[PDB]
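Before any questions on binding or motion, here is one chain by itself as structure tokens, the form solved without its partner chain.
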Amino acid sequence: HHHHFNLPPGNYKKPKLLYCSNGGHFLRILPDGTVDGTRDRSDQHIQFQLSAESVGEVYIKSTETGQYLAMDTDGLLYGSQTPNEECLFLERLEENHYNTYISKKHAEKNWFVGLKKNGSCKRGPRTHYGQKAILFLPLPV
């Protein structure tokens, strides 16, 4: 493994909002495949259904659009119509209470899902352990 194995509690029974404390935004995948963050809890694109591939590995799917969260070769987040290797994330516990999502494909590079204070997604290589941008809190829909 390239990473630790502290896991968050809870299941994938219900859909969730993925709230980032960094700028107080909710992760969002727009219908056009665009990914970003919004402070609008009423948004129709912030609801996700997480599912486990293997223990600690998840798919994050838009319940509105059915699109999967994915990270490309250049570290950019995008919504994928079909599940692929770029859609798998290592879901881990961080700072004892938050959730982090590490790109499985790029795990050795420590590329995470993360949001800037301005609600914009971070590019893989600009992310790293220790940042606030990588911390998510799964909230009820």
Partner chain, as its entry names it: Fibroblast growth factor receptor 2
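Positions refer to the first chain, counted from 1.
This next part talks about the form solved in complex with its partner chain, which is not shown.
Its partner chain in the bound PDB entry is approached by residue 54, whose closest heavy atom lies within 4.5 angstroms of it. Its partner chain in the bound PDB entry is not approached by residue 80, whose heavy atoms all lie more than 4.5 angstroms from it. In the bound PDB entry, none of the heavy atoms of residue 86 sits within 4.5 Å of a heavy atom of its partner chain.
Remark: residue 93 counts among the residues lining its partner chain in the bound PDB entry, judged by a heavy atom distance of 4.5 Å or less.
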